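Okay, so we've got a single protein chain in two different forms coming up as structure tokens, structure 1 first and structure 2 after it.
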Structure 1
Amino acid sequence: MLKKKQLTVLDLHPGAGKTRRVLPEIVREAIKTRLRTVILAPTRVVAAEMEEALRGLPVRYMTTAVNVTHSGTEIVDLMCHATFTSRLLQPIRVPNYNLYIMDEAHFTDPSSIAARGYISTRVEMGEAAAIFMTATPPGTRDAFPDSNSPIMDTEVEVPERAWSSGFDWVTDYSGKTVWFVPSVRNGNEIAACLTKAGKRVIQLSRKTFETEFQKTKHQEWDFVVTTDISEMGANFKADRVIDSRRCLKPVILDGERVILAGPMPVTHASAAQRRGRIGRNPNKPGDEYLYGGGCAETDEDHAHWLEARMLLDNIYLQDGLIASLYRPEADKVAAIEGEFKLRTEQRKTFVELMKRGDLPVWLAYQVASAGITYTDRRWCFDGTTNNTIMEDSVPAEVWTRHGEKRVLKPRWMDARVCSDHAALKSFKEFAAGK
């Protein structure tokens, strides 16, 4: 019933064939019933996996993650969640899709949350149908979904720093382990400890994934030590997961600044994705998930919820209507719809700051709502002293567009612009006008 103007949530457990089996079945039916359809992948890596499953079916890939020959007659488009939301913020022709399919519809990136709000609103207006696919539908707080094989779940004291004794079960194990850590720095410490104990370790994060993930498929390894990059798009031939049950997330303090808070407890959805790396083979019983604490009861602290509202308040629907967040996650923010709707010129600035500046949503919003123009970078240098950005333990400096060397000290502090080397490099280029 794809023509029915309703939202279907497909709760598809890890390993149940969401991409390899269910998605092609949906897409074939959409094509046969001549429905203009958009497929929303959470990441480039997942978009490339979808192309393998959809090979032969006529799909227009709107991502450079895939390069196949298009016929020009395709009625099914595929793009990443954030591409979709970005396109909604531009004064562009928003195509009139009859059917929206979102894979990994638990994803709490602010563009993903915004996309679900836009899509569910369109469905509630009678304008479209949608399908949301995930192991953990928004609203559901279960960390232990079904699996292809039974998983032994055991809560234990999980080491979170290098250890010299007291965790023998970690290194006495004869199988292969995927270990989820909150940060790159924390994983480097655990990995070094394991390597000293004689184990073969591969480390995964956003920065290293392209090169290192392939090694997990082609080299022998004992441990994969990974951030939450491996919650989506990543599968392993493993027998055990060790889970800190911790992550780092951006949090807005006092409405005034953003910190990268934590390590803090992961959500149920993320814990389910982490556990879901094992128990995948019905012919390989006995896989184990060893976890270190509870999941987050509260989630409303994360900045992504307010950021999603900032995006949605600035996406034009016909006649200036504003979309709501998807209902099961609408209570995660306490703001009235339209609070963050910017007037025309400031809205253009906000959009440009995000798309060309690569600024976080919250930061882009502060600058745009201040009346600052996109190209005026004075604000990067005129904050209070406690906003001075440090690099190698001394104040970071930039050569500006005006040929002066100035200390980086932004008027609004968002820790995401300087929390790793790539982010700081980008923000320095921004501050320089380059």
Structure 2
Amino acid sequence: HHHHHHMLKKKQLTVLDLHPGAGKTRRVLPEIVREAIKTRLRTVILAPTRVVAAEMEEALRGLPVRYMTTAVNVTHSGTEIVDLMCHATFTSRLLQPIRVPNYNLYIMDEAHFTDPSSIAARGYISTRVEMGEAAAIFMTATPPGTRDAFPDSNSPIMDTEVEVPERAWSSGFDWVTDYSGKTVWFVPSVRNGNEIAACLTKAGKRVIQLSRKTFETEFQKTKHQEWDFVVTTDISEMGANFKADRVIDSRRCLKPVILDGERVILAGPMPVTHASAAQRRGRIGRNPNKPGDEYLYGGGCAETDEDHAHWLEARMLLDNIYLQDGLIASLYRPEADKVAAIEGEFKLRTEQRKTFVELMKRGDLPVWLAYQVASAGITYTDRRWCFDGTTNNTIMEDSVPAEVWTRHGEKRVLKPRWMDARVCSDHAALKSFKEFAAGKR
């Protein structure tokens, strides 16, 4: 009930870069949506995750918003001119035949998200603005290329550089376990998080683990049950709210890297960006009444992340989104220097584009891998490629060849024609890929 008037300018992109916890998501977003409604601007709100989409409903209760996500179960009047969906849904719809409205205003929250669908959505939106067809607001405390890892916070934070373990320990890290508060611990990989979580559990701690595959289900447990540690990958940088007193940050993670144009490996761990570091630290210091919060960090930051597969993968997506005849959207300008590709090199014809989309949406394949399969002319249900690669593409778990009973009634060793380490980097990813290779997804 203290609305501040925003003069929403046509043909403009604004970056709302207030510090973490300043109220972008909970205060400024509703104000903008009210102005958009008042002035009758057809508007889309882009949430990074289903978890945040649900929370945005609380902030927007009593405003006419169409929630285009099963994460919210609200009765729609059919008259709403504001739509809410996830970054990934927005990009996926753009790749499909499905008509996406030509919105007058795009509001992307947690616009730092570097998953390929988010990077692509930013390119599309910025292109629409540059063409004079729409306005946009990108909300993030950490715009592309920030070099500040220690922004302002609602309460003071105690910043300390320490040695952070990335393996189980039996001594040398008493400060981790001799602590009666609640800790969010950012780890370099799902497997390292499993090992640390087991160590913590053996030491009597209650641990919840979060990764992209599990986030949308395990995050609820952080609200609804008692815990001592959350052990999380980078997915928790995207507007994740914890009632926590301490963050432990390894400051590095495994990175997918395309090697010689022919395979994806997981390299590193390599340092995180300043943006990632500031978002990780930004999970604490958020309560103005609580002055004790600590950030313990394990090394430096770097901006040398052009080796990351996500940039090229964003181009694969954008190349397959229609704007106008002959026009391919560039990445948003601050990100466009991250990748050297020819605009349109990854454009697919209609049937192959359909396969590319289905491999990602229903197959849950990484963008790069989905592209290799689709561009080879393979149809979605034809899994022969999972078995006919070279011998060095053999997938191992527990030091033995992963084996599958195939749709054609043979026990076969998983040996994909194209190797993307993301499909076999932890037990759960591998299980899903084995199902896929069996024709049982």
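Rigid core: the largest C-alpha set superposing within 1.5 Å between the two forms. Along the sequence of structure 1, residues get numbers from 1 upward.
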**Q.** Structure that is the form deposited with the RNA bound (1 or 2)
**A.** 1
**Q.** Rigid-core-referenced C-alpha movement of 2 Å or more between the two structures, selected from 258, 135, 151, 128
**A.** 151
Q. By the 2 angstroms cut-off, has the C-alpha of residue 200 moved between the two structures once the rigid core is superposed?
A. yes
Q: Would you tell me if residue 93 moves between the two structures by 2 Å or more at its C-alpha, with the rigid core held superposed?
A: no
Q. After a core superposition, would you say residue 328 shifts its C-alpha by at least 2 Å between the two structures?
A. no
Q | Displacement in Å of the C-alpha of residue 420 between the two structures, rigid core kept as reference | A | 1.6
Q: Give the C-alpha shift of residue 187 between the two structures, in Å, after superposing the two forms on their rigid core.
A: 3.5
Q | Cα shift between the two structures at residue 168, which is computed once both forms share a superposed rigid core (Å) | A | 6.0
